[PDB]
Protein chains: 4
Amino acid sequence: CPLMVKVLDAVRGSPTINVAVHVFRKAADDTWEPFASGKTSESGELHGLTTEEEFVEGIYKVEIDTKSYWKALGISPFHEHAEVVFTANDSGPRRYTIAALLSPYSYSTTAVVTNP
Amino acid sequence: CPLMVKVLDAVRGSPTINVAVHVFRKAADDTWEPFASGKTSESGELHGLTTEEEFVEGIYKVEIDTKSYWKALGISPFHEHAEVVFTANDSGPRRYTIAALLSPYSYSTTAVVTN
Amino acid sequence: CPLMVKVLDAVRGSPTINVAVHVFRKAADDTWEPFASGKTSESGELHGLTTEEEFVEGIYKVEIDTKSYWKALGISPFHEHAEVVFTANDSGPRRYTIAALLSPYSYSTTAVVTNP
Amino acid sequence: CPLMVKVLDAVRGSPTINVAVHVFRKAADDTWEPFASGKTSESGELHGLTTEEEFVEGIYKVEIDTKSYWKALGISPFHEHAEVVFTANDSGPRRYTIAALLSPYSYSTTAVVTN
């Protein structure tokens with residue numbers, strides 16, 4: 001509930017199914033520790049990555065495997081992935097939606113942050 | 001010089017060449033009267049649409065014929081065109097660049113306004 | 001259900017509440033006939049604009065009053081509105097989500113089209 | 001000449017001036033080794049990062065320090081930075097322009113690749 005990822009294909013106007021997503025948290029050592037992973041559903045959404053308790057203050061990285069998505073459609077895209085890095089929960093708990101809009105040579109990402 | 005249009009293709013990663021662009025000025029009776037037009041260059045740009053003398057304050061519309069572009073590439077598009085409607089020079093003349101980034105089912109338009 | 005509009009503020013990362021939306025349909029005469037209107041909810045969404053029966057083949061125009069939104073926040077934005085023009089239902093009935101992402105000098109719009 | 005970065009500010013409608021940009025090359029041990037850096041000009045552009053000789057095939061990362069830009073403007077940002085990771089010249093050398101459009105809670109990056 002605190003962290004959701006949503007992915008859309010701007011060529012077809014359709015959610016992207018089965019796209020891999022990895023989340024990492026920046027370590028006290030400054031390394032990227034694996035934190036959660038999953039794949040998008042038929043709606044293009046990935047829920048259930050974490051809980052309010054586990055999702056503490058930190059720097060988080062959401063890495064979306066956009067290249068495998070395009071390659072499965074026959075396309076050699078520009079980007080290796082889409083990677084979103086942000087500080088979370090530093091003013092207390094929030095709910096974060098990380099959205100990505102994909103084209104072969106472009107991507108856009110927006111964050112919708114709300115207070116529960 | 002006061003108005004320029006620059007268009008990019010997010011599918012191919014290239015400027016959009018030979019895209020038609022039409023510019024209109026809102027008339028007093030709230031209709032759109034045609035004002036200038038052209039086709040983007042090989043750099044995706046359209047210069048020379050108007051002059052400082054002619055580009056007075058008012059409401060302007062820029063229409064980019066995105067549907068014809070995508071049809072020429074054999075790609076099904078969503079929109080009939082991409083539009084930008086804006087008020088010009090409300091606080092003095094400026095240079096306006098209308099930058100458009102095109103995908104078949106999405107577009108963004110940004111104004112880069114320099115004094 | 002066949003037509004939904006969703007609007008987000010890219011400065012704050014938040015849905016835009018109370019934004020006016022007007023829909024028009026291109027006439028047999030080639031005029032823009034008023035078709036439906038409403039305002040976005042606290043989620044930034046506007047539902048219930050039309051029905052499958054009324055929403056026939058045609059060229060439709062969705063006009064979002066982004067300028068009033070910015071002016072209420074003290075900002076003089078570049079665009080007078082955000083206007084999305086598209087052919088609908090020409091290959092049969094579909095569900096359309098028209099999304100807009102707003103900044104004072106920029107907007108993005110994407111269409112998500114699905115088959116029920 | 002082979003790599004250029006261009007950055008626009010969607011809030012103010014201007015190029016982003018004095019934004020730091022760092023470029024890295026993936027090393028064989030899968031770490032990022034620093035390769036070039038600079039600050040955007042008054043046109044929002046950063047030229048001269050590398051040369052055709054040095055810009056060989058491989059995986060490159062471009063980091064744009066968007067957070068520092070927004071902090072300088074007194075605007076709260078979401079992201080730590082904007083990134084682009086790409087494979088270069090897989091089918092020959094090309095000119096790459098990485099165009100980034102920035103808002104405090106959203107960004108887009110587009111590659112304009114010309115031969």
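Quick note: the coordinates plus some simple rules give every number you see, no bench work behind them. In this analysis, Cβ positions are derived from the backbone assuming ideal geometry, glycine residues included, and neighbour counts consider all displayed protein chains.
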- Of (1) in contact (Cβ under 8 Å) with a residue 40 or more places away in the chain; (2) within 22 Å of B:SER108 (Cβ to Cβ); (3) part of a loop (DSSP other than H, G, I, E, B), C:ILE75 satisfies all except one. Which? (1)
- Message: For the range B:69-85, check the following and say yes or no: at least one residue is under 18 Å from D:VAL11 (Cβ atoms) and not polar (S, T, N, Q).
- Response: yes
- Hits in the range A:1-25 - residues which are closer than 27 Å to C:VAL113 by Cα and among the β-branched types (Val, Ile, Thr): A:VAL5, A:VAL7, A:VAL11, A:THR16, A:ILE17, A:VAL19, A:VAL21
- Message: Name the residue that is surrounded by the fewest Cβ atoms within 10 Å (Cβ to Cβ), counting only residues in the range A:56-77 that are of a type in the set (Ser, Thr, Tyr) and within 13 Å of chain D (Cβ to nearest Cβ).
- Response: A:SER76
- Message: Can you tell me which residue is surrounded by the most Cβ atoms within 10 Å (Cβ to Cβ) among those in the range C:78-109 that are facing another protein chain (nearest Cβ under 9 Å) and assigned to a loop (DSSP other than H, G, I, E, B)?
- Response: C:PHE78
- Message: Return the residues of the range A:26-55 that are within 14 Å of another protein chain (Cβ to nearest Cβ) and under 18 Å from A:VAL113 (Cα atoms); say none if nothing qualifies.
- Response: A:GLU45
- Scan the range A:75-92 for residues that are over 19 Å from the mean Cα position of the chain (by Cα) and over 19 Å from D:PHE78 (Cα atoms) and report the count. 2
- Item | Identity of the residue in the range D:65-97, more than 16 Å from A:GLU80 (Cβ to Cβ) and of a type in the set (A, V, I, L, M, F, W, C), that ends up surrounded by the most Cβ atoms within 10 Å (Cβ to Cβ) | D:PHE78
- Task: For chain B, please list each of the strands (runs of 3 or more DSSP E) lying entirely inside it that holds at least 3 residues being within 14 Å of chain A (Cβ to nearest Cβ).
- Result: B:3-9, B:95-103, B:106-114
- Query: Which condition number does A:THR16 fail, the rest of (1) of a type in the set (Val, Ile, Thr); (2) under 12 Å from the mean Cα position of the chain (by Cα); (3) within 14 Å of chain B (Cβ to nearest Cβ) being met?
  - Reply: (2)
- Within the range D:12-43, which residues are within 22 Å of C:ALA10 (Cβ to Cβ) and crowded, with 21+ Cβ neighbours inside 10 Å? D:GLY13, D:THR16, D:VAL19, D:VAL21, D:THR40
